[PDB]
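The structure under discussion appears below in the form of structure tokens.
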Amino acid sequence: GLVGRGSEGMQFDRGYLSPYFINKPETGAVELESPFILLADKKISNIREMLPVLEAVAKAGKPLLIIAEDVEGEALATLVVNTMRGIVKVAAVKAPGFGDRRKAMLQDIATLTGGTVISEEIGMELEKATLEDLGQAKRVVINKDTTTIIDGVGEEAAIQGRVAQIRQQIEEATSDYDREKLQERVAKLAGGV
């Protein structure tokens, strides 16, 4: 099953949470150059937990892609109004998958991009997130159905280590279904380098 080409980015089947993020109307897509990337494993709905990071990226002068369980209510509303006013170049999408796998893929993305997942179970506060926790990529492209992360800035050794972790998980898998879902994570990681 050789792939006769180089990587084409890490792509997952989640699209923009608002059409007002679209900055490339020709292709109905959001294209962000050198974006910061926020990874959170919970639903973001309060403006309170969104402003700190927003002011941070606004200060650095960089676009931001937010990947969380979901982004809605006042939080989403604040992202939309500020993006339309041109104060920040943001886009929000739901994290891929569900359950434990959703969490594992959020970590795949964090590792690929040099970011840190803002994890609810361990007590991490979104309002306490800093630029250091944000991941980065050369570019991201989001349309109605997908999100593509191009050239994540993660440490090469860390990314290779994550692939090795998944490889071991595959050997320990008990079904072709599980093995293919694990292999899917490997292919996505390989696509983002």
Side-chain angles (χ1 to χ4, degrees), residues 10-25 28-137 139-149 152 185 188:
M10 173 189 277
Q11 192 187 82
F12 57 89
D13 294 340
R14 298 297 193 193
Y16 54 68
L17 287 175
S18 173
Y20 288 115
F21 293 140
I22 294 174
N23 57 8
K24 291 290 179 180
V30 185
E31 282 180 25
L32 302 181
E33 304 303 305
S34 302
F36 271 119
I37 299 177
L38 172 64
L39 305 153
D41 64 16
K42 74 162 187 174
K43 291 188 176 183
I44 303 174
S45 62
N46 309 312
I47 301 174
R48 185 179 184 63
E49 56 200 357
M50 194 63 263
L51 295 181
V53 176
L54 283 175
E55 303 180 307
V57 305
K59 171 187 172 67
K62 301 236 298 177
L64 170 71
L65 165 64
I66 290 166
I67 306 178
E69 190 174 299
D70 200 351
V71 178
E72 60 172 299
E74 294 297 77
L76 180 61
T78 306
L79 294 182
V80 169
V81 71
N82 285 293
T83 296
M84 286 182 73
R85 291 173 64 128
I87 302 177
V88 295
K89 292 178 181 296
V90 184
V93 305
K94 291 177 180 175
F98 68 80
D100 284 355
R101 186 155 181 278
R102 174 168 55 222
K103 291 177 179 298
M105 295 183 89
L106 273 170
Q107 185 56 58
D108 288 344
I109 298 170
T111 293
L112 170 72
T113 66
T116 301
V117 177
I118 307 303
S119 155
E120 190 182 14
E121 173 164 39
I122 55 182
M124 298 179 75
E125 296 305 311
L126 196 60
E127 53 155 44
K128 304 285 278 59
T130 69
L131 289 185
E132 281 72 6
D133 306 318
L134 308 180
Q136 297 178 77
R139 167 187 164 194
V140 295
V141 180
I142 308 81
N143 58 41
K144 185 182 178 65
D145 312 302
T146 67
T147 290
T148 303
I149 302 179
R185 288 174 52 207
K188 288 177 168 181

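For this chain, numbers begin at 1 and follow the sequence in order. Below, all heavy atoms of this structure are taken into account, side chains as well, without hydrogens, waters or symmetry copies.
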_Ignoring hydrogens, what is the shortest heavy-atom contact between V141 and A29? Give both atom names and the distance._
CG1-CB, 4.4 Å
Donor-acceptor pairs are to be reported for all side-chain atoms of residues 116-129 against protein atoms at under 3.5 Å, with residues two or more places apart or in another chain.
none

_Minimum heavy-atom distance between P35 and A137, given as atom pair plus value_ = CD-O, 3.3 Å
*Please report the shortest heavy-atom distance between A40 and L106, naming the atom on each side.*
O-CD1, 3.6 Å
*Under the salt bridge (charged side-chain N to carboxylate O under 4.0 Å, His left out) rule, collect the residues that match up with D41, sequence neighbours excluded.*
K103
_For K62, side-chain hydrogen bond (donor to acceptor under 3.5 Å, both in side chains) partners two or more places apart_ = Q136
Please set out all donor-acceptor pairs under 3.5 angstrom arising from side-chain atoms of residues 13-23, sequence neighbours excluded.
from	atom 1	to	atom 2	distance (Å)
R14	NE	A95	O	3.1
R14	NH2	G97	O	3.0
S18	OG	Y20	N	3.2
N23	OD1	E31	N	2.8
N23	ND2	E31	O	2.9

*asked:* Once side-chain hydrogen bond (donor to acceptor under 3.5 Å, both in side chains) is applied, do any residues pair with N143, and if so which ones, sequence neighbours excluded?
replied: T146
*Does the side chain of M105 reach to within under 4.5 Å of the side chain of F12, using non-hydrogen atoms?*
no
Run the side-chain donor-acceptor check on residues 65-82: report pairs under 3.5 Å with partners two or more places apart or on a different chain.
from	atom 1	to	atom 2	distance (Å)
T78	OG1	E74	O	2.7
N82	ND2	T78	O	2.7

_In the structure I gave you, are the side-chain heavy atoms of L64 and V88 within less than 4.5 Å of one another anywhere?_
no
*Contacts of type side-chain hydrogen bond (donor to acceptor under 3.5 Å, both in side chains), residue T111, not counting sequence neighbours*: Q107
*Quick one: side-chain hydrogen bond (donor to acceptor under 3.5 Å, both in side chains) partners of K94, sequence neighbours excluded?*
none
Which side-chain N or O atoms in residues 45-60 pair as donor and acceptor under 3.5 Å with protein atoms at least two apart or in another chain?
from	atom 1	to	atom 2	distance (Å)
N46	ND2	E49	OE2	3.4
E49	OE1	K42	NZ	2.8
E49	OE2	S45	N	3.2
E49	OE2	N46	N	3.1

*Within a strict 4.5 Å, meaning less than it, do heavy atoms of the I109 and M10 side chains meet?*
yes
